[PDB]
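Report on the structure given below.
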Amino acid sequence: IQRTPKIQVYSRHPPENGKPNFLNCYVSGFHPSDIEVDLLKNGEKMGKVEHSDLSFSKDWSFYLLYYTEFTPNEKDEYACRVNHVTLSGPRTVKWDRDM
Amino acid sequence: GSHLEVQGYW
Amino acid sequence: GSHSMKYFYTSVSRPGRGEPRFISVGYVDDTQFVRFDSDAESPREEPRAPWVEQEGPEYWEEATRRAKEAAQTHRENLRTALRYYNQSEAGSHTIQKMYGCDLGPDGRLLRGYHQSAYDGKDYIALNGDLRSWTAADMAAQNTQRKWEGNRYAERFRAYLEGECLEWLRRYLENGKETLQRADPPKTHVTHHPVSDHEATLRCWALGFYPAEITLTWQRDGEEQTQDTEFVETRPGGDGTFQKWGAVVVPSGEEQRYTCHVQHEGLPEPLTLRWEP
């Protein structure tokens with residue numbers, strides 16, 4: 001079948017520059033379950049990224065949360081990078097404090 | 001336990 | 001209030017790399033409480049909620065046994081499916097199974113679940129009557145016949161009305177402070193210009209539990225769907241959930257738009273506006 005992942009990159013709490021927070025990348029609606037997800041800061045993989053146990057929704061589509069600690073600031077860029085069989089190359093979604 | 005004891009084979 | 005206990009099993013074969021990977025996660029309502037992963041360094045049922053960590057050795061030994069048996073059943077089912085669909089052992093395949101019970105306010109079984117998909121498509125499911133199965137295809141009909149032959153529906157029902165409800169009750173009692181408490185969302189509206197003629201109003205709901213929530217936009221009190229975007233409800237990472245809904249509006253008309261939020265944790269539904 002093959003379903004393309006949806007991706008949301010976002011903070012646990014409303015971001016304030018300099019204030020410790022939590023960076024989340026929620027990937028969902030994909031199939032098969034094989035997937036690669038990374039959290040990046042300024043284009044480089046962050047130091048300690050972990051993830052939830054594979055689970056799925058009503059329609060059988062899988063979802064995973066990848067996460068790490070982060071302290072937002074004006075100069076640094078944070079992003080989530082996903083590779084899946086349904087994606088040509090890796091898809092990268094930048095963290096946007098407005099979403 | 002909560003885990004289903006009965007096994008449903010296809 | 002109504003509550004639920006559900007298990008989600010996923011098995012994925014991986015030819016050339018040994019046995020299929022089995023993952024089980026258990027939930028009470030929207031709270032995960034256990035996990036088992038056959039690829040863990042020492043595969044065993046593990047606590048994922050404080051109100052279950054306290055269970056004695058019996059619980060973990062038996063849950064580990066059952067998780068392993070479930071994995072075995074899934075391996076057998078994967079082989080069987082290769083037969084049913086005439087597929088090669090060299091290809092990877094997936095089985096997903098969810099099952100569980102809903103405890104009603106009266107304390108009796110409200111609803112039962114037992115359903116499975118093969119390679120991401122419906123395979124077989126227990127019907128609303130809790131007595132018959134819907135088979136999605138001819139392959140699943142073999143399974144349907146087998147299960148009619150061995151009274152699988154009845155025995156599962158015994159589980160639903162037996163240990164499923166009993167353990168659901170037990171967990172609800174052991175973790176009432178966290179399971180039976182509804183945390184309302186912290187909400188707000190933000191404004192983001194799209195151009196010199198349009199702007200986005202975004203209504204945020206954060207830190208709420210359980211996951212169920214309604215978030216809508218109105219103009220002059222009328223429901224609005226045109227030019228709206230509602231993201232999938234998403235986990236906070238701390239056991240809470242989040243959601244936002246946005247609408248693009250003509251600059252100057254912002255004060256006619258209201259965001260409406262409904263959640264179990266709220267005494268009254270919310271009516272929010274952009275507060276510059």
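Every number here is computed from the coordinates shown, using simple stated rules; none is lab data. As a convention, Cβ positions derive from the backbone with ideal geometry for all residues, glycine included, and neighbour counts pool all protein chains shown.
Observations, loosely collected:
- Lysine pairs in region C:1-181 with Cα atoms under 19 Å, if 8 or more residues apart or on separate chains: 6
- Between region C:184-241 and region A:53-99, the Cα center-to-center distance that results, in Å: 20 Å
- Using θ = phi - 60° and Karplus 6.51 cos²θ - 1.76 cosθ + 1.60, couplings along region A:19-34 (whole Hz; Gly, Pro as x): 9, x, 7, 10, 9, 10, 10, 9, 10, 8, x, 9, 6, x, 6, 4
- Relative contact order computed over region A:7-99 (Cα-Cα under 8 Å; 6+ residues apart), in percent: 35 percent
- Around the Cα centre of the protein assembly as shown, unit charges on the Cβ atoms of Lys, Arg, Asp and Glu (plus for the first two, minus for the last two) sum to a dipole of about 1060 debye.
- The listed peptides C:94-100, A:53-59, ordered by packing as a protection proxy, come out as C:94-100, A:53-59 (highest mean of other Cβ atoms within 10 Å first).
- Here region C:1-181 is treated with +1 on each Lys and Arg Cβ and -1 on each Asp and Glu Cβ, and its dipole about the Cα centre works out to around 560 debye.
- Every helix of 4 or more DSSP H residues in chain C counts as -39500 (n - 2.57), and over all residues that averages to -7000 deg cm²/dmol at 222 nm.
- With the convex hull constructed from alpha-carbon coordinates only, chain A shows a mean projected area of 6.5 nm² over all directions.
- Think of chain C as a dipole: +1 on every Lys or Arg Cβ, -1 on every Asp or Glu Cβ, centred on the Cα centre; then among C:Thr73, C:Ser132, C:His263, C:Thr73 lies furthest on the positive end.
- Reachable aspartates and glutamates, given that their alpha-carbon falls under 14 Å from the alpha-carbon of C:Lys186 and they are not under 8 places away in the same chain: C:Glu264, C:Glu268
- Whole-angstrom gap from region C:58-80 to region C:247-270, using each part's C-alpha centre: 48 Å
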